[PDB]
Every structure is written in structure tokens, then in C-alpha cells.
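Asker: Build me a structure from this.
(chains A and B)
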Amino acid sequence: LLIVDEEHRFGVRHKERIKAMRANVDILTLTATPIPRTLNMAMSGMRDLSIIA
DNA sequence: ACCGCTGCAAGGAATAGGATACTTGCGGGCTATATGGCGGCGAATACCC
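Answerer: Numbering: from 1, shown residues only, chains lettered A, B, ... in the order given. Next comes the structure:
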């Protein structure tokens, strides 16, 4: 299990750096204002989404 | 009971990379000052009576 908190301050490289080593790790991602790339990626179905408002 | 040594602090530069805004390089898409040709003719001045 990985838990990247406040993902919008890392960049793509830092986010998949650990993913490359452990290919099948379960990435949990917490944030409040996602950077547009990962927000579109979530809204397009690539990643599951959960809204807490 | 003096002294050279060791060790525990002090003193910070250069990059990665996500930001934020500057700086400009450009390309398409616009606006805006002579000196080697005559011949003929009719009309417009000049003039000196």
C-alpha cells in the first residue's frame, strides 16, 4: 500500500518512481485541488474518484 | 602540569523540481528625387510699333 498525500506538489516522475519498482502496489492518492492532468485522468475513468464535500 | 592530538560543533554552497512571472522571437496578417528623340502644330505669351 502506498499513500501519496497532496499529490499536486510532486510531478509525474515522483508519482510513478515508486510505482515502477513495485508494479502492483495499491496507490491511494489524497488531495484537495488536483493538478489538471490527474484531474482529467480521474474524470476520464483512468483512475477511480471519490469526492468529499 | 604541558602539549599535540581527536572529536564535536560551526560555516555554508550547488542542483531537482513544482511555481510565477518576465522577455522576446517571430510570422502571419494587417495598412499605405531627372537629366541620349524628333517633327509638327496650335495655342499662349512678347514685343515694338
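Asker: Name the helix or strand for residue A:4, please.
Answerer: Using DSSP states H and E, the element containing residue A:4 is strand A:2-5.
Asker: centre of the chain versus that strand, how much separation?
Answerer: 8 Å (C-alpha atoms, centre = their mean, to the nearest Å).
Asker: Which residues does that strand contact?
Answerer: A:10, A:15, A:18, A:19, A:22, A:25, A:26, A:27, A:28, A:29, A:30, A:31 (C-beta atoms under 8 Å, 6 or more residues apart in numbering). In this view, the C-beta of every residue, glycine as well, is placed from N, C-alpha and C.
Asker: burial of the first one, as a residue count?
Answerer: By other C-beta atoms under 10 Å, 14 other residues sit near residue A:10.
Asker: any idea how far whichever helix or strand comes after the strand holding residue A:4 is from the chain center?
Answerer: On the C-terminal side of strand A:2-5, the nearest following helix or strand under DSSP H and E is helix A:12-21. With C-alpha atoms, centre = their mean as the basis, helix A:12-21 stands 10 Å off its chain's centre.
Asker: Could you tell me which residues within helix A:12-21 count as buried?
Answerer: Counting neighbours by 16 or more other C-beta atoms under 10 Å, one finds that helix A:12-21 has no buried residues.
Asker: quick one: is that helix near DNA strand B?
Answerer: Yes - applying C-beta under 7 Å from any atom of the strand, one finds helix A:12-21 in contact with DNA strand B at A:12, A:13, A:14.
Asker: Thought residue A:37 was touching the first one, still the case?
Answerer: Spelled out, that is residue A:12. Yes - Residue A:12 is within contact range of residue A:37, at 7.4 Å (criterion: C-beta atoms under 8 Å).
Asker: what do those two both touch?
Answerer: Counting by C-beta under 8 Å, 6+ apart, nothing touches both residue A:12 and residue A:37.
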